[PDB]
Amino acid sequence: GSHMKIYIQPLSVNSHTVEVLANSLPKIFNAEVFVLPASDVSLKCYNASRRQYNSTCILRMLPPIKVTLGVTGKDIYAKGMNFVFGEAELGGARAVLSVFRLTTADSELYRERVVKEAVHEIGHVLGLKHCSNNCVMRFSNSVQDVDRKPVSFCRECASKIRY
Ligand SMILES: [Zn+2]
Ligand SMILES: [Zn+2]
């Protein structure tokens, strides 16, 4: 049979974080998941004034192969935002996640946050808009938001992925 493909591109991030995603995403998306060789997040995307990397810039440096998720440990932002957790091509091929704003001394919680945000961004790539249900596709702009939504897709979003 056929399966969705997810390529994880490590971009200046620890290997542990990558492995959390490698081991969680296959079952969530019924996907063949591939971890690409690590590289440094591009200096071309560094904004010297903000001292942050731009998410749109990083995303657009990835190869446009559905679905490729860049994962970085560096703080990222996007136009008009103090920071973002990530960015995605809605219905496209590419997304990026930063774990910088997700860090926490609660190691189990950190893992949960990383999976939630990866799942959310990949959901956007698959064409899902933000959702008002108890759903991972709820908008998140703070970690409290992330902690208070579940990791699972609601029945409406799950349907849109599957059919
Ligand atoms: Zn979103
Ligand atoms: Zn939903």
# chains A, B, ... in the order shown; residues from 1 in each chain; ligands from 1
call {"tool": "residues_around", "arguments": {"residues": "residue 130 in chain A", "least_positions_apart": "6", "cutoff": "12 Å", "atoms": "only C-alpha atoms", "output": "list in words"}}
result
residues 90, 120, 121, 123, 124, 136, 137, 138, 139, 140, 153, 154, 156 and 157 of chain A
call {"tool": "residues_around", "arguments": {"residues": "residue 93 in chain A", "least_positions_apart": "6", "cutoff": "7 Å", "atoms": "only C-alpha atoms", "output": "MDAnalysis selection string"}}
result
chainID A and resid 64:68 125
call {"tool": "write_last_selection", "arguments": {"atoms": "N, CA, C and O atoms", "output": "PDB file, in the first residue's frame"}}
result
ATOM      1  N   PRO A  64      11.125  21.043  -1.543  1.00  0.00           N
ATOM      2  CA  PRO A  64       9.662  20.990  -1.550  1.00  0.00           C
ATOM      3  C   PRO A  64       9.130  19.572  -1.793  1.00  0.00           C
ATOM      4  O   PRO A  64       8.445  19.300  -2.779  1.00  0.00           O
ATOM      5  N   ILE A  65       9.449  18.678  -0.871  1.00  0.00           N
ATOM      6  CA  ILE A  65       9.025  17.288  -0.962  1.00  0.00           C
ATOM      7  C   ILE A  65       8.032  16.996   0.154  1.00  0.00           C
ATOM      8  O   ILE A  65       8.356  17.100   1.324  1.00  0.00           O
ATOM      9  N   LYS A  66       6.799  16.665  -0.202  1.00  0.00           N
ATOM     10  CA  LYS A  66       5.759  16.444   0.801  1.00  0.00           C
ATOM     11  C   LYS A  66       6.050  15.185   1.601  1.00  0.00           C
ATOM     12  O   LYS A  66       6.191  14.130   1.012  1.00  0.00           O
ATOM     13  N   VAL A  67       6.117  15.232   2.929  1.00  0.00           N
ATOM     14  CA  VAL A  67       6.144  16.424   3.764  1.00  0.00           C
ATOM     15  C   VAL A  67       7.544  16.510   4.371  1.00  0.00           C
ATOM     16  O   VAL A  67       8.054  15.514   4.860  1.00  0.00           O
ATOM     17  N   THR A  68       8.166  17.686   4.335  1.00  0.00           N
ATOM     18  CA  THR A  68       9.461  17.899   4.936  1.00  0.00           C
ATOM     19  C   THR A  68       9.319  18.912   6.061  1.00  0.00           C
ATOM     20  O   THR A  68       8.831  20.034   5.854  1.00  0.00           O
ATOM     21  N   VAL A 125       0.284  21.386   6.790  1.00  0.00           N
ATOM     22  CA  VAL A 125       0.799  20.995   5.469  1.00  0.00           C
ATOM     23  C   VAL A 125      -0.223  20.128   4.744  1.00  0.00           C
ATOM     24  O   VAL A 125      -0.396  20.247   3.529  1.00  0.00           O
TER      25      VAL A 125
END
call {"tool": "select_by_dssp", "arguments": {"residues": "range 13-133 of chain A", "states": "strand (DSSP E)", "output": "JSON, numbers by chain"}}
result
{"A": [31, 32, 33, 34, 35, 46, 47, 52, 53, 54, 68, 69, 70, 71, 72, 76, 77, 86, 87, 88, 94, 95, 96, 97, 98]}
call {"tool": "write_last_selection", "arguments": {"atoms": "N, CA, C and O atoms", "output": "compact mmCIF listing (two decimals), in the first residue's frame"}}
result
# COMPACT_ATOMS: atom_id res chain seq x y z
N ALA A 31 2.62 7.03 8.64
CA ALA A 31 3.61 7.58 7.72
C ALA A 31 4.94 6.85 7.76
O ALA A 31 5.36 6.37 8.81
N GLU A 32 5.59 6.78 6.59
CA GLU A 32 7.01 6.46 6.50
C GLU A 32 7.78 7.72 6.88
O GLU A 32 7.67 8.76 6.21
N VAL A 33 8.52 7.63 7.97
CA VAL A 33 9.26 8.76 8.51
C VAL A 33 10.75 8.52 8.33
O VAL A 33 11.27 7.46 8.69
N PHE A 34 11.42 9.53 7.77
CA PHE A 34 12.85 9.47 7.46
C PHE A 34 13.56 10.62 8.14
O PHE A 34 13.14 11.77 8.04
N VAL A 35 14.63 10.32 8.85
CA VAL A 35 15.43 11.37 9.47
C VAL A 35 16.62 11.67 8.56
O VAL A 35 17.45 10.80 8.27
N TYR A 46 19.16 34.41 9.48
CA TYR A 46 19.37 35.09 10.75
C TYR A 46 19.14 36.59 10.62
O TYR A 46 19.68 37.24 9.73
N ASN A 47 18.30 37.12 11.49
CA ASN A 47 18.02 38.54 11.54
C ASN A 47 18.88 39.09 12.66
O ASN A 47 18.68 38.78 13.84
N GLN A 52 17.25 36.45 16.05
CA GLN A 52 16.39 35.29 15.86
C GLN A 52 16.47 34.90 14.39
O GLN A 52 16.85 35.71 13.56
N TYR A 53 16.09 33.67 14.08
CA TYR A 53 15.97 33.21 12.70
C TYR A 53 14.55 33.36 12.21
O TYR A 53 13.60 33.19 12.97
N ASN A 54 14.39 33.63 10.93
CA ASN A 54 13.06 33.80 10.36
C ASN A 54 12.51 32.46 9.85
O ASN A 54 13.15 31.77 9.05
N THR A 68 8.17 17.69 4.33
CA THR A 68 9.46 17.90 4.94
C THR A 68 9.32 18.91 6.06
O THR A 68 8.83 20.03 5.85
N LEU A 69 9.74 18.48 7.25
CA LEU A 69 9.65 19.26 8.47
C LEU A 69 11.06 19.58 8.96
O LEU A 69 11.80 18.68 9.39
N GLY A 70 11.42 20.85 8.90
CA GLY A 70 12.65 21.32 9.53
C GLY A 70 12.44 21.49 11.02
O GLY A 70 11.38 21.95 11.43
N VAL A 71 13.41 21.07 11.82
CA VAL A 71 13.29 21.15 13.26
C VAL A 71 14.54 21.81 13.80
O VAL A 71 15.65 21.29 13.62
N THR A 72 14.37 22.93 14.48
CA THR A 72 15.51 23.69 14.99
C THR A 72 15.40 23.94 16.50
O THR A 72 14.32 24.00 17.06
N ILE A 76 12.90 31.18 16.57
CA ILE A 76 12.41 31.71 15.31
C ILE A 76 11.22 32.67 15.47
O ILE A 76 10.50 32.64 16.48
N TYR A 77 11.04 33.51 14.46
CA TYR A 77 9.92 34.43 14.40
C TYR A 77 9.39 34.45 12.97
O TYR A 77 9.98 33.86 12.07
N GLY A 86 6.51 27.78 14.94
CA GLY A 86 6.72 27.15 13.64
C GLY A 86 5.90 27.84 12.57
O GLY A 86 5.20 28.82 12.84
N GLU A 87 5.98 27.29 11.37
CA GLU A 87 5.27 27.81 10.21
C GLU A 87 5.15 26.68 9.21
O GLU A 87 6.00 25.81 9.16
N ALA A 88 4.09 26.72 8.40
CA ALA A 88 3.82 25.65 7.45
C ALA A 88 3.27 26.21 6.16
O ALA A 88 2.63 27.25 6.15
N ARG A 94 6.12 21.84 2.91
CA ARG A 94 7.17 22.15 3.89
C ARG A 94 6.63 22.81 5.15
O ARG A 94 5.65 23.55 5.12
N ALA A 95 7.31 22.54 6.26
CA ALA A 95 7.04 23.21 7.52
C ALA A 95 8.32 23.29 8.33
O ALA A 95 9.27 22.55 8.09
N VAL A 96 8.27 24.13 9.34
CA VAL A 96 9.36 24.26 10.29
C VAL A 96 8.80 24.36 11.70
O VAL A 96 7.72 24.93 11.91
N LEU A 97 9.53 23.75 12.62
CA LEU A 97 9.25 23.80 14.05
C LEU A 97 10.52 24.26 14.76
O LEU A 97 11.60 23.79 14.45
N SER A 98 10.37 25.16 15.74
CA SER A 98 11.43 25.43 16.69
C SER A 98 10.99 24.96 18.07
O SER A 98 9.86 25.22 18.48
call {"tool": "closest_residue", "arguments": {"among": "A:84, A:105, A:161, A:92", "to": "ligand 1", "atoms": "only C-alpha atoms and all ligand atoms"}}
result
A:84
call {"tool": "closest_residue", "arguments": {"among": "A:79, A:9, A:146, A:127", "to": "residue 109 in chain A", "atoms": "only C-alpha atoms"}}
result
A:146
call {"tool": "select_by_dssp", "arguments": {"residues": "chain A", "states": "helix (DSSP H, G or I)", "output": "PyMOL selection string"}}
result
chain A and resi 15-29+43-45+55-61+100-102+107-125+143-148+155-162
call {"tool": "write_last_selection", "arguments": {"atoms": "C-alpha atoms", "output": "CSV table (one decimal), in the first residue's frame"}}
result
chain,number,residue,atom,x,y,z
A,15,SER,CA,19.4,14.5,18.4
A,16,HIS,CA,17.1,13.6,21.3
A,17,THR,CA,14.4,16.0,20.1
A,18,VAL,CA,14.7,14.5,16.6
A,19,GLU,CA,14.4,11.0,17.9
A,20,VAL,CA,11.2,11.9,19.9
A,21,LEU,CA,9.6,12.9,16.6
A,22,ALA,CA,11.0,9.9,14.6
A,23,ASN,CA,9.4,7.6,17.1
A,24,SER,CA,6.0,9.4,17.5
A,25,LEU,CA,5.1,10.6,14.1
A,26,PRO,CA,4.8,7.3,12.2
A,27,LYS,CA,1.8,6.1,14.2
A,28,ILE,CA,0.1,9.5,14.3
A,29,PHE,CA,0.1,10.0,10.5
A,43,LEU,CA,22.8,32.0,8.6
A,44,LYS,CA,21.0,33.5,5.6
A,45,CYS,CA,17.9,33.3,7.7
A,55,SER,CA,10.7,30.8,10.0
A,56,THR,CA,9.6,31.7,6.5
A,57,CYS,CA,13.2,31.9,5.3
A,58,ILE,CA,14.0,28.5,6.9
A,59,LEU,CA,10.9,26.8,5.4
A,60,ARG,CA,11.7,28.0,1.9
A,61,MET,CA,15.2,26.6,2.1
A,100,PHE,CA,13.3,26.9,21.7
A,101,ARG,CA,10.1,28.3,23.2
A,102,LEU,CA,8.9,24.8,24.3
A,107,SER,CA,11.1,16.4,30.5
A,108,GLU,CA,7.9,14.5,29.8
A,109,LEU,CA,6.1,17.8,29.2
A,110,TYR,CA,8.8,18.9,26.8
A,111,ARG,CA,8.4,15.8,24.7
A,112,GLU,CA,4.6,16.3,24.7
A,113,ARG,CA,4.9,19.9,23.6
A,114,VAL,CA,7.4,19.0,20.7
A,115,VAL,CA,5.0,16.3,19.4
A,116,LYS,CA,2.0,18.6,19.6
A,117,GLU,CA,3.7,21.3,17.7
A,118,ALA,CA,5.1,19.0,15.0
A,119,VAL,CA,1.7,17.4,14.6
A,120,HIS,CA,0.0,20.8,14.3
A,121,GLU,CA,2.5,22.0,11.6
A,122,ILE,CA,2.2,18.8,9.6
A,123,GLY,CA,-1.6,19.1,9.9
A,124,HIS,CA,-1.3,22.5,8.3
A,125,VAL,CA,0.8,21.0,5.5
A,143,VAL,CA,3.1,27.3,25.8
A,144,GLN,CA,0.0,27.5,28.0
A,145,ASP,CA,-2.1,27.1,24.8
A,146,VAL,CA,0.0,24.1,23.8
A,147,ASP,CA,-0.3,22.5,27.2
A,148,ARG,CA,-4.1,22.9,27.2
A,155,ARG,CA,-13.0,13.7,14.6
A,156,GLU,CA,-13.5,16.4,12.0
A,157,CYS,CA,-9.8,17.0,11.4
A,158,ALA,CA,-9.0,13.2,11.5
A,159,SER,CA,-11.6,12.8,8.7
A,160,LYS,CA,-10.1,15.5,6.6
A,161,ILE,CA,-6.7,13.8,6.8
A,162,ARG,CA,-8.0,10.3,6.0
call {"tool": "atom_distance", "arguments": {"atom1": "CA of residue 73 in chain A", "atom2": "CA of residue 12 in chain A"}}
result
5.8 Å
